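Residue numbering for the sequence shown is 13 to 70, 76 to 140, as defined by the authors' numbering.
Here the structure comes first, spelled out in C-alpha cells, and everything after it is commentary.
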Amino acid sequence: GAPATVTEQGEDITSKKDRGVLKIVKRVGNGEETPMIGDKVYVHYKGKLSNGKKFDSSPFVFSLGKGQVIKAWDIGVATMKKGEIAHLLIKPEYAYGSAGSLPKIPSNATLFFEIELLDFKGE
Ligand SMILES: COc1cc2cc(OC)c1OCCOCCOC(=O)[C@@H]1CCCCN1C(=O)[C@H]2C1CCCCC1
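Right, dumping it as C-alpha cells:
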C-alpha cells in the first residue's frame, strides 16, 4: 500500500535523520522555488491514521512554519514545488506524540498524508 512504499523507499527529510518524516514525490511541480517560512500556503490533501480507523480530506490554507499544523507538515510542505503531489509518512514525534489529540488522534499514532501543493504567496 501507499504507506508501505514510503516506509521502504521513502526519502528521510528530517534534519536529525530519525526517519520521522518520510516522503515520496508522486507528481512533480513547476519552478525551482519552494516556499519560505511565513508564506501563506494553499493545498489539497487526504490523510489517515496507520490504525486505518480515521480518514480526512480537504482548499486548505495555513501559514508555513508558523506552527499552525503538525511539525511534519511545516517540514514536508516546505520541500514542495508548485503543482507537486507527494506522500508523507510520519511518526508520532512529528505529529501528536505520546499524548496524541484524543479523541481524534490516539497516543503514539503514525499518520499518512497525500498532499498537492497548489500555490503559495508571500504574507
Ligand atoms: C478536520 O480538521 C483536522 C484534520 C486533522 C486533524 C485534526 O485534529 C486532530 C483536525 O481537527 C482540528 C483542526 O486541525 C488541526 C491540525 O491538523 C494538522 O495539523 C494536520 C495537518 C494538516 C491537515 C490536517 N491535519 C490532520 O492531522 C488531520 C488528521 C489526519 C489523520 C486522520 C485524522 C485527521
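Ideal placement from N, C-alpha and C gives every residue a C-beta, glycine not left out.
Residue i CB to nearest heavy atom of ligand 3 below 7 Å
i     : result
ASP68 : Ligand 3 is not among the ligands present in this structure, which contains only ligand 1.
Minimum C-alpha distance to residue i - residue among the options
i      : options                       : result
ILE25  : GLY139, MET48, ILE107, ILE102 : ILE107
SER69  : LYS60, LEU81, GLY82, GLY13    : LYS60
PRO109 : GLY41, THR46, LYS29, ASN125   : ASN125
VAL40  : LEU134, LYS65, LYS28          : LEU134
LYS35  : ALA16, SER62, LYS83, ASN42    : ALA16
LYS38  : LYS65, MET97, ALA89           : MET97
Contact under 8 Å by Cβ, residue i with residue j
i      : j      : result
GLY22  : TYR111 : no
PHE130 : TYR54  : no
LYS99  : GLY43  : yes
For residue i, the residue or residues it bridges with in DSSP
i      : result
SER118 : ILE122
Completely contained beta strand (DSSP E) runs for the region 40-64, where each covers 3 or more residues: Listed in chain order, they are 52-61.
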